[PDB]
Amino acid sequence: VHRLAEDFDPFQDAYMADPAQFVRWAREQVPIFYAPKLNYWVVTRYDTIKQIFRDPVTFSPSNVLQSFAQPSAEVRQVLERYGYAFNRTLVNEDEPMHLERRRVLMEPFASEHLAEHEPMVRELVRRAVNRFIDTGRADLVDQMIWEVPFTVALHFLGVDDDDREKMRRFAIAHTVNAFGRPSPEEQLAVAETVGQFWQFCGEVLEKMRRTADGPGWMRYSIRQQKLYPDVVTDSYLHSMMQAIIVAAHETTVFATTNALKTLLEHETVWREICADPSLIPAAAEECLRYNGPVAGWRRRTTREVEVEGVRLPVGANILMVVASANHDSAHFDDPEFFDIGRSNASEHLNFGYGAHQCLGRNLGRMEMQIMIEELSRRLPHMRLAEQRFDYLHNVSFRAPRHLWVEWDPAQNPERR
């Protein structure tokens, strides 16, 4: 058990594919251990992870987006060339200002505003499926799931038609860069794109200020800035366009990819939801608990504090294995049972808990559900192809990079 702690290394397929199994030894007998390879303390139980989430002052989110690659000087020269602000936004921002800015900026995330976005999401998903439904074999990631949540994020932000087109090239992957160990070349490539995107968003922001009463989160926040100029700076506003895209894009991509994989691998359940689409919200919620996109999430202590009887020093890094919590038999009865009727499925921790709890989780849920509904209605007869599933190595987000499915187009329901 001591060897397991000393050898712990999440940068390998076993942690990405089934992290809950990978740390089951710790969840059952070692609720906190130090991982030398990471200089992280690792917690694996639902109650422990809830305890850390619940106190945003003692357990700071400052390391949530900190890569495990050595710092790159070329990355900073590139970002400084583009005038990058290096702002911490809500997800990794400390108190007191975090909750004050959340208070001022959260209103457009309210569920009453969801119906405003649902038609655009349904239309996006329909058009995406139209592009491949007649082919008989598709990669659901590259051919639909990757792009939909990016474009939905742009709509939520209020990006105008013309700009959304020019932004397609900025829909790059950030997961390894923020949560993994990118090579020096990967660091530089991402930095350049982020600098260019910063530049572009600065021009979008100026234009949005010209039409500050129009729709979308950016315009709403511009109006809030006029009311609370000491809370919302120009640099923070500029940083939030990218922050919200990154928060909204790959998270939803991975959630939906995993959900489809789980549903198609549990064919009796795919059968049920094809016959009764009203089961889909519940089914998506248990997909998040059983095969959710969040393997782990991070905090850093700001004071000495006891966790599972160990006094952590100031500044200690903590890896919360959220996937292990979601499979914790001490909170979830029969946790390895994929049960879309599970009454407490929504107590999973993929959206966090407490001060930073995901602001867009119900938009994320809607996207998952609409994509599942479209595929179950129009391709009930598809199945997973024989394939290897590859996972990008990083501590936080897990999903197959591709998801090949196959079907007989002549049996498409819409041809009957």
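Numbering starts at 1 and runs along the sequence shown.
> Compare the mean C-alpha B-factor of 109 to 117 with that of 324 to 332 as given in the PDB entry, and name the stretch with the higher value.
If you average the C-alpha B-factors of 109 to 117 and of 324 to 332, the larger mean comes out for 109 to 117.
> I need to verify one thing: averaged over C-alpha atoms only, is the B-factor higher for 223 to 231 or for 181 to 189?
That would be 223 to 231.
> When the CA B-factors of 284, 310, 194, 248 are compared as recorded in the entry, which is the largest?
Max CA B-factor in the entry, restricted to 284, 310, 194, 248: 310.
> Highest CA temperature factor in the entry: which of 169, 303, 164, 300?
Comparing C-alpha B-factors across 169, 303, 164, 300, the top value belongs to 164.
> By the record's CA B-factor, is residue 277 among the lowest, middle or highest third of residues in the chain?
Highest third.
> Based on the entry's values, in what third of the chain does the Cα temperature factor of residue 69 lie: lowest, middle or highest?
Top third by C-alpha B-factor.
> When the modelled residues of the chain are sorted by Cα temperature factor, does residue 296 land in the lowest, middle or highest third?
Bottom third by C-alpha B-factor.
> Which third, lowest, middle or highest, does the C-alpha temperature factor of residue 13 belong to within its own chain?
Highest third.
> By the recorded C-alpha temperature factor, relative to the other modelled residues in its chain, which third is residue 261 in?
For residue 261, whose C-alpha B-factor we compare with every modelled residue in the chain, the answer is the lowest third.
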